[PDB]
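The analysis underlying the following values was restricted to heavy atoms, covering all of them including side chains, and did not include hydrogens, waters or symmetry mates. Residue numbers start from 1 in every chain, and the chains themselves are labelled A, B, ... in the order their sequence lines are given, proteins ahead of strands. Whatever order the structure lists them in is the order used to number ligands and atoms, beginning at 1.
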Protein chains: 6
Amino acid sequence: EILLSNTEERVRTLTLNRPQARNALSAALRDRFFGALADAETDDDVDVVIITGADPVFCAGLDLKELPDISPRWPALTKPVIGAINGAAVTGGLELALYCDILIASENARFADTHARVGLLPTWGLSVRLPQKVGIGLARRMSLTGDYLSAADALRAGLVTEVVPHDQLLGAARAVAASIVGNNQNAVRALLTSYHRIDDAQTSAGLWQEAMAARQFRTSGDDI
Amino acid sequence: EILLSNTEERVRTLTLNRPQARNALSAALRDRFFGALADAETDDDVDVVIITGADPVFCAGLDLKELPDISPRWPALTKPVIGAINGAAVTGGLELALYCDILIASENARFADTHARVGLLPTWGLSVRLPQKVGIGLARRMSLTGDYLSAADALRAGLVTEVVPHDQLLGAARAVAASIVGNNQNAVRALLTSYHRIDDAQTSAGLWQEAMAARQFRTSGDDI
Amino acid sequence: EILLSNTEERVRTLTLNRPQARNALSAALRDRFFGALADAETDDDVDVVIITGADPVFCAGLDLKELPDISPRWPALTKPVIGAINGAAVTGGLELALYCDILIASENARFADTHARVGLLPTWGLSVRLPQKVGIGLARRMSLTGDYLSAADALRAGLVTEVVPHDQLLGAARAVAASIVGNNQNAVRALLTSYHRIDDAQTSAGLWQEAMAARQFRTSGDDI
Amino acid sequence: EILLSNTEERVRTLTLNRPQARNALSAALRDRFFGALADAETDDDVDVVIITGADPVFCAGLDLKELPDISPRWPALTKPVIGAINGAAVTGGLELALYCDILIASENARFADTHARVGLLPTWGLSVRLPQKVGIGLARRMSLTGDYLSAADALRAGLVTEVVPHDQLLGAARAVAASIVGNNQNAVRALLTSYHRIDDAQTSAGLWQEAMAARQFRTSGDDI
Amino acid sequence: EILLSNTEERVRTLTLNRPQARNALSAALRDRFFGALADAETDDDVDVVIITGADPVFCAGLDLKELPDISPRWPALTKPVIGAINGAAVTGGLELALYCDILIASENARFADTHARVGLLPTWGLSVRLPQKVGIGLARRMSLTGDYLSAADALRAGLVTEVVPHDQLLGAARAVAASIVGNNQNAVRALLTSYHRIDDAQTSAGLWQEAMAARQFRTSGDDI
Amino acid sequence: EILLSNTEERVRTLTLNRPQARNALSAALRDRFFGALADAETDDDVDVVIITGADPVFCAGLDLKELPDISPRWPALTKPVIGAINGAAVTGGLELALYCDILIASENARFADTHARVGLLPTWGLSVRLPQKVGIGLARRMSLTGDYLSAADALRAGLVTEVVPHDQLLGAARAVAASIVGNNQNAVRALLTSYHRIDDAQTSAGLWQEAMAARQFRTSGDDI
Ligand SMILES: C[As](C)(=O)[O-]
Ligand SMILES: C[As](C)(=O)[O-]
Ligand SMILES: C[As](C)(=O)[O-]
Ligand SMILES: C[As](C)(=O)[O-]
Ligand SMILES: C[As](C)(=O)[O-]
Ligand SMILES: C[As](C)(=O)[O-]
Ligand SMILES: [Ca+2]
Ligand SMILES: [Ca+2]
Ligand SMILES: [Ca+2]
Ligand SMILES: [Ca+2]
Ligand SMILES: [Ca+2]
Ligand SMILES: [Ca+2]
Ligand SMILES: [Ca+2]
Ligand SMILES: [Ca+2]
């Protein structure tokens, strides 16, 4: 029950479902989520994935209480992942949003990076993909302040493709997924795969640097 | 008559002129267009190029009926190319727009990538330059859906620098070209050349990957 | 008196102060400014730097009258620099703005690149960072025309994070700086340092090309 | 008969067999060779490929008589290709050797790049992979002179891993292939695939530049 | 006693000392070794580090019996590390050798990569640094065969700078370290740091790809 | 007389001629040398350049007595430069050798990097091109020790293509130049230009980092 899954017309929707913990990613939820992404890749009945959260929060981040060296786990996918951001997407949860190919946001969406507030460095690509998707200045402002970015500003900045009234969110994400499903899937997958290969070639160096920064930070922190 | 050309105050305007075929790029029009770009480069009376289409469409893409391994042909230019997008710019036509240094759009402009609809992969840089100029999420949404991007959204996303009423389009493009012509041309050409060299260094890897993806797609398609 | 400095709650504000020369960067002001940035880095009482100009101009650029091979001098910093753009930021002054981590603009702000007007090529990163922060098309339009970009367009394009009424400018910059100061400084500095390392890895090739273009331009200019 | 093929203990040996035309790559031989590489990839009974030529020449290059825009065709492989160089490997034939993962040479081997002699630019990666595998100075010396590199110098320069007496060549290549076959194939293929991905990330930009240089050369040549 | 350490004339020598386990890197030895490298960096009495092993083996690799996700731990150093390779350097031990700035080898030295034999992928940079330091062909031959590279071939290939009689090894390494100590240390450290920054910029993308390949391999292996 | 020049059969030979100062590069000699390279590029009677020194030294480096911020000046050339290394090539002189496309060495040749001995960091590409042309380990050994590399080791390492008896040096360089002159010059220049563009794309980031390291070193040195 901590992860819901639904397959409908070649679209798999994955719903983070720990609303009482604001969909925080416990170890168990991590295992289920990343496992579900991998299963979607290998499932020949799935063309598109939608990820979302049970209201009122998209994902508050990692369950820090429960836990640190937090390795990246988002798998190589050849199928598009649409993030239907229904609420706050914070830190590790902002990183889940940044992994998506396409984002659509409820008016209730908001985005924040609290890594520096809580004294952790990112290891799931925030430091590469946030400046890539909202611009250097805004990424730096977000990360260093830990302030919320509204849905409207996220749209202005290019973080999301659309903002809809809250109750239309999953419909809006399904409509985009249906447009994709209706196109030539050999071409969709080949073109997405290529886009990922073009992007990876540009992000790889950064992701390594991010990893090494996090490691150095953790190690120096063990001067205590 | 399939390509019009006009030189006025050191600005060469090239107009795709097959309006009845929505300015689709036949083999002949390709030869004329790319040939004209090359001639503009070597013509010492030209500082700036404007490309546009006969109404109501900018360019509907390659003439697919007539035709496939479609090699890139846009030449090395040291002079700025302004695209005056007067209508729909689709697929290969969106790639012509993405090659321009600067875009200005009529309110009647719209942009779409139908490669995945029609079962072709891009070979004129769409997969590199679309995410570069409208952002990763929007590029992926466009490519995988094949949906139109409006003139206003194109402006919001950074695809175009300006949107004007339809009848002001060529005037708006000429005004920008005149501002350029009025500056130090040695500096204009040296600075543009450098901008192109800086950009090429970042896009080259991607363009190769795009080419290889297209090739692999074509070859696997010859499992039929 | 040509550079003012003030330290307050772990924020150092540096004010270019030659308003009668529109804060043009003379040799002396360059020495003071870059020297002050370096001192801020080594000063353990400073977490954040704000740069601004005495009204009504942010910085009109280098003092060209007084002067050319103008080497880059902005030092390696591990602390964030917020640019509080109070007025026109032109050419070398636009480059000072482009060096900042975060920009906030008065409604009175405007941005222009007159390098090509005045027959100089950039050597302080404009040709790398302008397309990075406002997009390729707009950067090329700005550089080749030398036209002003308004505060509102700068906000739309992602050049600045915010635009405020003129009298609120320094308050708005101090509020952002205070949010940063209130977070874990070990994390702030480590994350910023990493962001800079990720970015430098992407800009280095471009900056070298910019330098070489400027050099070739200067050398060919000595065919006179 | 223009391409021989043999499968033995999970090793596929492909022999260019037009010895009377010094194994020149006609259109037909190209189709057969590249087709055979692709079939080896998909053949689950093959772990390793050896390529070689019927004596006394490895490959004299493309059949130029018969033919120009010569697109690259070496496919994505996840299996190692050992080149057993039995004689001269010239121009397009040197490029076939440079595509191999591992080279072993007969004492009778020699290598030359005659592209500049014959007025053609490379399109099968010579200009990237020759400096990569023999060093910048030697690559430039080879390409600009068109002089032969001996087997012994090829060994000194790192172009080949070993040089054997002529009659031991295929035995030496089979021994290496047998060592590979005897290791964990899941690991062999995963590690090779990774090596290729690491290398491609470094060569892609170069290969694009090579392609564009060749194109510009061909186009300017059509000023005649 | 599992790691020996000695400081003499501003040179710290670290000796792996589990000769009965062929200096295999247990968890404890890993902690001691990487900890010692970090301490050398911060120790103001040390200019140069020499790493070596108790005879007859340099390092047989990780203690696999004892153990898998084996994260990289070699720290950022601004001081040169000379590897005095006294015997076999295998797999993880070859990676320790590949991390060194400079290698000198006993005649008794040999090098092998058994990752593919033992069904593991590298995570300490072998897949980036082996082709960098011995050339693509030889790296691929080594990795896929798991065959030993002799001291003499290692010298021919550029893996080591020198090969000495066994009893002269540490003297030869101390002589090089003494030459370094005798030069301007501010310059030595600044130049080394720069060399590392130049190299890291080229290896980072590869190291990320290596990490991701290893992860994917481990995850697929958990289909069992 | 400080620079000799000779044109013979489309080969321009430039001889550094301050043998009493071991061909040290004074300001005047720098101006003449770099000026001569530029003139060779524009001279339509020249296909190839040979650089050499009056015996017994190739180039001892910059005239340090006479002088520091030493900017790079080697121009963009589309014609090959062969370095005929007749004696010691030290520091700035090793950098002149590293700029050449092809090197041939007298038995009397030797190479050294004394930057760290004399407390200077390189600004003419040593820190990029030395590891590129002799391998990382040997470059680091050379730079940090300041020890001489013999002609024979230079040949083993790939720094030079050939080593000849002293009296045959210029004949050997002329023979290579004659082979180049005898090939299709349109192809020679196009292929060389491409090789330079492929290489520049890989070295640019490094050269920027080198420049920034040198600058930081000079600036910190002004803590005195
Ligand atoms: C350390 As994390 C998963 O919040 O980037
Ligand atoms: C194959 As096309 C010219 O539409 O990118
Ligand atoms: C030459 As400048 C400091 O205006 O980029
Ligand atoms: C044009 As060719 C196949 O000899 O590189
Ligand atoms: C997994 As390992 C430390 O042998 O590269
Ligand atoms: C500072 As220098 C010309 O010896 O690299
Ligand atoms: Ca299913
Ligand atoms: Ca943007
Ligand atoms: Ca004309
Ligand atoms: Ca203080
Ligand atoms: Ca079979
Ligand atoms: Ca080598
Ligand atoms: Ca001590
Ligand atoms: Ca002449």
Roughly how far apart are D:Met142 CE and D:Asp147 CG, rounded to 0.5 Å?
9.0 Å
Measuring from D:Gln132:CD to D:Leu130:CG, what's the distance to the nearest 0.5 Å?
10.0 Å
Any heavy atom of D:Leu121 sitting closer than 4.0 Å to ligand 4?
yes
Looking at ligand 4, is there an atom of it that comes within less than 4.0 Å of some heavy atom belonging to D:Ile70?
yes
Residue pair D:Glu210 / F:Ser194, side-chain donor-acceptor N/O under 3.5 Å:
no
Under 3.5 Å, N or O to N or O, is B:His115 touching ligand 2 that way?
yes
Looking at ligand 2, does B:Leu62 have a heavy atom less than 4.0 Å from it?
yes
Ring center gap for D:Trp124 and D:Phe33 short of 6.0 angstrom:
no
For E:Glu9, does the CD atom sit with more than 12 other heavy atoms under 6.0 Å from it, leaving out its own atoms?
no
Within the 4.0 Å heavy-atom shell around D:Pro122, which atoms of ligand 4 are there?
5 (O)
Confirm or rule out an N/O/S atom of E:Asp45, from backbone or side chain, lying less than 3.0 Å from the Ca ion (ligand 13).
yes
